[PDB]
Amino acid sequence: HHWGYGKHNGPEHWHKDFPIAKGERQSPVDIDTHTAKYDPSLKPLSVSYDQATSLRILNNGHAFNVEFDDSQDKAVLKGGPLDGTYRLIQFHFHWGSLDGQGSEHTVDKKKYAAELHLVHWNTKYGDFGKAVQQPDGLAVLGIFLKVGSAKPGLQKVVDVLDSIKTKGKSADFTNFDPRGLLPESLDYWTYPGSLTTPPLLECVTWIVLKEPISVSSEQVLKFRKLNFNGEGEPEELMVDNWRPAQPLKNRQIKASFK
Ligand SMILES: [N]S(=O)(=O)[N][C]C1234B567B89%10B%11%12%13B85%14B%1158B%12%11%15B%139%12B%1061B%12%112C5%153B%14874
Ligand SMILES: [Zn+2]
């Protein structure tokens, strides 16, 4: 509730309040690249973000969410493994205290410095709340971050973080274009899984891009200045807000590329 990323409330404890934490399709997972199989049945992936309308950025005490107006069919994900149309509702990141950790998914056990999640809901279910009662309710586009060159399209996010340092703070964040966070290639891996935060609901088709984006050390250092705590409370830096890899169980990871 109550849940977080610490010793007494972190991922090892979540199962007590959220028993699905030990479920059959939990996320993240390690992506074993040798075992993932090219799937010719996957259709072309379509990321259509031209009309995306951002509203606000919020520090929710675990991460920050950039929120979108999803009241009309605008920013949508379709194709690939997906049947129908999934509407963008928000994005957020997971990141580490050091550049050698921070991602939730891993690639041949490699951890990236951070991971971006663009969260979408299946428009056949009418609203996000109904979508998370369905096994195909959500699609999350996951993008790895490595530290090197700056990502210019990220800088507007970085520069607003000073205004949402603590839990419960929000700021207007209109006219942000999420196209500036996408790598060149849409090559991906896909598998059925879950939300990686409580309530850990098993509603997600994961689409994890193979090509990371590069961000600068200065950009990620600013993520690490955020706080888990609220205003006036003792400072706990918002770092290491990632769940580690979970058992693959009865799943196969499919690749979009040969
Ligand atoms: N890492 S994740 O995208 O699986 N889960 C993060 C969340 B935050 B809150 B709503 B929002 B949407 B749902 B709950 B929490 B869960 C998705 B966003
Ligand atoms: Zn996430």
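Values below: every heavy atom of this structure, side chains too, minus hydrogens, waters and symmetry copies. Both counts, for ligands and for their atoms, begin at 1 and track the order of listing. Position 1 is the first residue of the sequence; numbering continues from there.
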Original post:
Can you get from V204 to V29 by hopping between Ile, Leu, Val, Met, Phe, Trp and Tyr side chains that sit under 4.5 Å apart?
Top reply: yes
Subject >> Pairs satisfying salt bridge (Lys or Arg N to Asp or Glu O under 4.0 Å), at least one member in residues 95-118, at least two apart >> reply: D99-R224
Subject >> Student check: side-chain heavy atoms of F64 and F223 closer than 4.5 Å >> reply: yes
**OP:** Go through the steps for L77 and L45 under the test side chain to side chain contact (heavy atoms under 4.5 Å, CB included), then give the verdict.
**Re:** CA-CA 8 Å; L77 185 64; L45 188 67; 4.0 Å; yes
Original post:
Taking it one step at a time, do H105 and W189 satisfy ring pair (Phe, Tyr, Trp, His ring centres under 6.0 Å)?
Top reply: CA-CA 11 Å; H105 295 87; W189 297 282; 9.6 Å; no
Subject >> Whether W206 and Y191 hold their rings parallel, tilted or perpendicular, with breakpoints at 30° and 60° >> reply: parallel
**OP:** Using the rule that two of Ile, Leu, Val, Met, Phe, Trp, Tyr join whenever any of their side-chain heavy atoms come within less than 4.5 Å, decide whether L88 and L55 are in one cluster.
**Re:** no
**OP:** Provide the protein N, O or S atoms situated under 2.8 Å from the Zn ion (ligand 2); waters are not included.
**Re:** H92 NE2, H94 NE2, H117 ND1
Original post:
Hey, which of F228, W14, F18 is the one that makes ring pair (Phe, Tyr, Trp, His ring centres under 6.0 Å) with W3?
Top reply: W14
Between the protein and ligand 1, which nitrogen or oxygen pairs come in under 3.5 Å, and how far apart is each?
from, atom 1, to, atom 2, distance (Å)
ligand 1, 1 (N), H92, NE2, 3.2
ligand 1, 1 (N), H94, NE2, 3.1
ligand 1, 1 (N), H117, ND1, 3.4
ligand 1, 1 (N), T196, OG1, 2.7
ligand 1, 3 (O), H92, NE2, 3.3
ligand 1, 4 (O), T196, N, 2.7
ligand 1, 5 (N), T197, OG1, 3.0

Just distance, no hydrogens or angles: give the donor-acceptor pairs under 3.5 Å from side chains in residues 244-253, sequence neighbours left out.
from, atom 1, to, atom 2, distance (Å)
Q246, NE2, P244, O, 2.8
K249, NZ, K22, O, 3.0
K249, NZ, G23, O, 2.8
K249, NZ, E24, OE2, 3.4
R251, NE, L248, O, 2.8
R251, NH1, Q26, O, 3.0
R251, NH1, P192, O, 2.9
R251, NH2, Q26, O, 2.8
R251, NH2, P247, O, 2.9

